[PDB]
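Participant: Handing you this structure, nothing more for now.
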Amino acid sequence: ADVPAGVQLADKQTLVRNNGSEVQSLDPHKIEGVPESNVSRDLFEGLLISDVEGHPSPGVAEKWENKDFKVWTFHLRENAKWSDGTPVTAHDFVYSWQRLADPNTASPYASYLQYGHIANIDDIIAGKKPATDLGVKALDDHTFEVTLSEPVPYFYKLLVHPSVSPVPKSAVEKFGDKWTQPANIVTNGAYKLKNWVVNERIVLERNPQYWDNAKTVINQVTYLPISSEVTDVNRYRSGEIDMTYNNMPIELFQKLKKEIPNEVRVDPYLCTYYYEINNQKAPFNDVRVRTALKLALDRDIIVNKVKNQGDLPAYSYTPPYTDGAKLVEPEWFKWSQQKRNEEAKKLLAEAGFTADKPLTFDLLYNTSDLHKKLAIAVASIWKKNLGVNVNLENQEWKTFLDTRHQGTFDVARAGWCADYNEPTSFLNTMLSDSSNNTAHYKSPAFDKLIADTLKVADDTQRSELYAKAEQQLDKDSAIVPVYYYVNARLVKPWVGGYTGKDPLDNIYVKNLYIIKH
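Following this line, the structure appears as structure tokens:
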């Protein structure tokens, strides 16, 4: 943390943050969500980290170079250490990235190594080559070298993500699945795990072995698993919570802006809210069905009437403000809703749906006041505008993610936030073989367009290919884009260090501080 000259620090430097749900895991290779990553950034530190404004900055690596954007060499700081006092080395990273790549780890982010194009990743993921064949090596204890199969100019930007953070081999091997328990875990971020009560709280305490520990101000941070945005706001206003999760209650949001304007933080956020269609399950394997749902959804109603929190109606997967996005707004988005509805009704009728045999399916969402209210509204909009019947089903976060990976669903509420600020952070998740492809979308044409982006050595050609890839996704109606999120949350006046300038919202508690109040 960088405490401005003249600010008075509170005697007690403790923080309570709501985290939206119970985490899937504390193991960096078994996680894929925002709640998981929120805790991960405090416990595990990779090569690079985001600074307070989100710029890729030195993490375990103090400096790095690239040779033709294909061979990246990371110089690790000599004083990087784990919470048990042992050094963080290049060998930790070799082991960790191999474990991420190994099919037996079954990481939801195994494909992150394909996104960066680390040498031999496809064969390793497919079980054709051993994980030890991955294009990574420790040149010495403090030098980690990464070899890519093609030039990736933005490669370093990927390295702040939890999936590429180091894990302690000794603990993993000795304790297996219980390595993340407080008594067994070993961490290298600014914090260490003190307590973990499932569905109650996660308590982290400062890690004195952290290389930058002298600049850490908060001594303890608690992460709560409250999925009710109303409850989160209530416990924030009661004094228990210092920072809410960034999902706001429809019930209370308007009032909050007028009641505590200075505490309501609303900043740009590179995330897209959409309805994920299971593309491999009939009748959703029919583009006419998918297009009808996409068109019959009234974004103006949802975004400006039901939600009204500053979100922008979406027509794409990648947010248009992503660095490098030069997207073409589709013609259907410019139409009137009635015109969209007619087209939707016509396509559904074409697909074989009548009043006698209407389209009926499930709408899965993770337990939440916001998602339930949006799902009820969408169910109503689709019933009125298209004559479809929707069965709402809620599931806890971890279960919900597993269900989408399993393909045991029809339509699911979804949200994707950038891992790095570049269009492929979104587009790569729709590749036929992506470990993050929960839409179960497989398009050779889409795959080709993205493959071509690293075959050109020009940003204008790359951007045009990204625009074409979005048009392909849109023509196939892979998903139902709803809106581009805004990062809205409540932050107590005494919480210093949260600028809200980072569009990826990669917060580190080590950068925050409590002002005397």
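If you're matching positions, the sequence shown starts at 1 in PDB author numbering and goes up one per residue.
Beta carbons: idealized from backbone N, C-alpha and C, even for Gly.
#1: Buried or exposed: which applies to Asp298, given that a residue is buried once 16 or more other Cβ atoms fall within 10 Å of its Cβ?
#2: Just tell me which of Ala478, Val509, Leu26 and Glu78 has its CA closest to the CA of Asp286.
#3: Please list, in chain order, all residues of the same chain as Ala469 whose beta carbon is under 7 angstroms from its beta carbon, the five residues on each side excluded.
#4: Taking the beta carbon of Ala61 as the centre, do at least 16 other beta carbons fall within 10 Å, making it buried, or is it exposed?
#5: Note down, in chain order, each residue of its chain lying with its Cβ closer than 8 angstroms to the Cβ of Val230, except the 5 sequence neighbours on either side.
#6: Considering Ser170, what are the terminal residues of the alpha helix (DSSP H) in which it resides?
#7: If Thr216 sits next to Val16, beta carbons under 8 angstroms apart, how far is it from one beta carbon to the other, in whole angstroms?
#8: Given this structure, state the Cα-to-Cα distance separating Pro87 from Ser40, to the nearest angstrom.
#9: DSSP beta-bridge partners for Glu276?
#10: Round the Cβ separation of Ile118 and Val136 to the nearest angstrom and send it over; I've been treating them as touching at under 8 angstroms.
#11: Inspect the beta-carbon positions of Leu504 and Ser50 and report whether they are closer than 8 angstroms.
#12: On the criterion of 16 or more Cβ atoms from any shown chain inside 10 Å, does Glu145 qualify as buried, or is it exposed?
#13: Between the Cα of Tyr365 and those of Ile277, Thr89 and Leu43, spot the shortest distance and give me the residue it belongs to.
#14: Report buried or exposed for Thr408, applying the criterion of at least 16 other Cβ atoms within 10 angstroms of its Cβ.
#15: What span of residues does the alpha helix (DSSP H) with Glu342 cover, start to end?
#16: What three-state label does DSSP hand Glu259 in the structure shown?
#17: Less than 6 angstroms between C-beta atoms, sequence neighbours within five positions excluded: which residues of the same chain meet that for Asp27?
#18: Please state whether DSSP places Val303 in a helix, a strand or coil.
#19: Please name the residue in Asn511, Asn487 and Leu431 whose C-alpha comes closest to that of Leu473.
#20: What's the gap between the Cα of residue 574 and the Cα of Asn279?
#21: For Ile450, which three-state DSSP category applies?
#22: If we count Cβ pairs, one from each stretch, closer than 8 angstroms, do we get three or more for the stretch 227 to 241 versus the stretch 433 to 447?
#23: Pick helix, strand or coil for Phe144, following the three-state DSSP scheme.
#24: Is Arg237 a contact residue of the ligand COA, with contact defined as CB to any heavy atom under 7 angstroms?
#25: Among residues of its own chain, excluding the 5 on either side of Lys70, which ones have a beta-carbon nearer than 6 angstroms to its beta-carbon?
#26: Spatial neighbours of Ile218 within its chain, please: C-beta separation below 6 angstroms, excluding the five flanking residues on both sides.
#27: Take the Cβ of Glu65 as the centre, count every other Cβ of all protein chains shown within 10 Å, and call the residue buried at 16 or more, exposed below.
#28: Report the residue from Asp140, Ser435 and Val34 whose alpha carbon sits nearest the alpha carbon of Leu100.
#29: Please state if the CB of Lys307 and the CB of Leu224 are separated by a distance shorter than 8 angstroms.
#30: Which residues share a DSSP beta bridge with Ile118?
#31: In three-state terms, what does DSSP make of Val388?
#32: Would you call the stretch 493 to 503 and the stretch 266 to 273 in contact, with 3 or more CB pairs under 8 angstroms?
#33: Quick one: measure Cβ to Cβ for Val480 and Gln309, integer angstroms, because I've assumed they're closer than 8 angstroms.
#34: Could you check where the alpha helix (DSSP H) with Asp42 kicks off and where it finishes?
#35: Taking only the alpha-carbon atoms, compute the straight-line gap between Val52 and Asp2 and give it to the nearest angstrom.
#36: Thinking just about the alpha-carbon of each residue, which of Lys281, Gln98, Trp196 and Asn195 is nearest to the one in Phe361?
Facilitator: So, from the listed chains and residues:
#1: Translated into the one-based positions of the sequence shown, residue 298 becomes position 298. By the neighbour-count rule (16 or more Cβ atoms within 10 Å), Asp298 is buried.
#2: Here residue 286 is taken as the residue at index 286 of the sequence shown, counted from 1. Comparing Cα positions, the closest option is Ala478.
#3: As a first step, residue 469 is located in the sequence shown; it is residue number 469 there, counting from the start. Same-chain partners within the cutoff: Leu427, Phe446, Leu449 and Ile450.
#4: Position 61 of the sequence shown, counting from 1, holds the residue named residue 61. By the neighbour-count rule (16 or more Cβ atoms within 10 Å), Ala61 is buried.
#5: The count along the sequence shown starts at 1 and reaches residue 230 at position 230. So the qualifying residues of the chain are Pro249, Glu251, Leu252 and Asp369.
#6: Residue 170 sits at position 170 when you count from the first residue of the sequence shown. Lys169 to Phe175 is the span of the alpha helix (DSSP H), which, as asked, contains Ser170.
#7: Position 216 of the sequence shown holds residue 216. Position 16 of the sequence shown holds residue 16. Rounded, the Cβ-Cβ distance is 17 angstroms, inconsistent with contact.
#8: By 1-based counting over the sequence shown, the position of residue 87 is 87. By 1-based counting over the sequence shown, the position of residue 40 is 40. Roughly 19 angstroms between the two C-alpha positions.
#9: Taking the first residue of the sequence shown as position 1, residue 276 is located at position 276. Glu276 is bridged to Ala412 and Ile479.
#10: If you number the sequence shown from 1, residue 118 lands on position 118. If you number the sequence shown from 1, residue 136 lands on position 136. That pair is a contact at about 6 angstroms.
#11: Counting from 1 along the sequence shown, the entry for residue 504 is found at position 504. Counting from 1 along the sequence shown, the entry for residue 50 is found at position 50. Contact flag set, yes.
#12: Looking up residue 145 in the sequence shown gives position 145. With 16 or more Cβ atoms within 10 Å of its Cβ, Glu145 is classed as buried.
#13: Walking along the sequence shown from the start, residue 365 turns up at place 365. Cα-wise, what sits closest to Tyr365 is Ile277.
#14: Start at 1 with the first residue of the sequence shown, and residue 408 comes out as number 408. So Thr408 counts as exposed.
#15: For the purposes of this step, residue 342 is identified with residue 342 of the sequence shown, where counting begins at 1. Per DSSP, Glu342 belongs to the alpha helix (DSSP H) from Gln337 to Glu350.
#16: Here residue 259 refers to the residue found at position 259 when the sequence shown is read from its first residue. DSSP places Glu259 in the helix class (H, G or I) of the three-state scheme.
#17: As a working mapping, residue 27 is identified with position 27 in the sequence shown. If we look at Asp27 and ignore the five residues flanking it on each side, its Cβ neighbours are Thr180.
#18: Counting from one through the sequence shown, the residue named residue 303 turns up at place 303. If DSSP states are grouped into helix, strand and coil, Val303 belongs with the helices.
#19: Locating residue 473 in the sequence shown gives position 473, counting from the first residue. Nearest C-alpha to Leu473: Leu431.
#20: The structure shown has nothing for residue 574, since the chain only spans 1 to 517.
#21: On the sequence shown, residue 450 is found 450 positions in, with the first residue counted as 1. Helix.
#22: no
#23: For this step, residue 144 is matched to residue 144 along the sequence shown. Of the three classes helix, strand and coil, the one that applies to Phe144 here is strand, per DSSP.
#24: The ligand COA is not part of the structure shown, which contains no ligands of any sort.
#25: Translated into the one-based positions of the sequence shown, residue 70 becomes position 70. Hits under 6 angstroms: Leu148 and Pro151.
#26: Position 218 of the sequence shown, counting from 1, holds the residue named residue 218. Cβ within range, chain order: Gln13, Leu15, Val509 and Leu512.
#27: Numbered from its first residue, the sequence shown carries residue 65 at position 65. Answer is exposed; the Cβ neighbour count stays below 16.
#28: One-based indexing of the sequence shown puts residue 100 at position 100. Comparing Cα positions, the closest option is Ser435.
#29: Reading the sequence shown from its first residue, position 224 is the one you call residue 224. Reading the sequence shown from its first residue, position 307 is the one you call residue 307. No; because the gap between Cβ atoms is not below 8 angstroms, this pair is not in contact.
#30: Working through the sequence shown from its first residue, we reach residue 118 at position 118. Per DSSP, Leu148.
#31: Taking the first residue of the sequence shown as position 1, residue 388 is located at position 388. In the structure shown, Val388 sits in coil (DSSP, three-state: anything other than H, G, I, E or B).
#32: Yes: the two stretches touch, three or more of their Cβ pairs being nearer than 8 angstroms.
#33: Reading the sequence shown from its first residue, position 480 is the one you call residue 480. Reading the sequence shown from its first residue, position 309 is the one you call residue 309. About 19 angstroms separates the two Cβ atoms, so there is no contact after all.
#34: Within the sequence shown, residue 42 is the residue found at index 42, counting from 1. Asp42 -> alpha helix (DSSP H) spans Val34 to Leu43.
#35: Residue mapping note: residue 52 aligns to position 52 of the sequence shown, counting from 1. Residue mapping note: residue 2 aligns to position 2 of the sequence shown, counting from 1. Taking the straight line from one Cα to the other gives about 10 angstroms.
#36: By 1-based counting over the sequence shown, the position of residue 361 is 361. The residue among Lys281, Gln98, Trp196 and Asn195 with its C-alpha nearest the C-alpha of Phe361 is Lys281.
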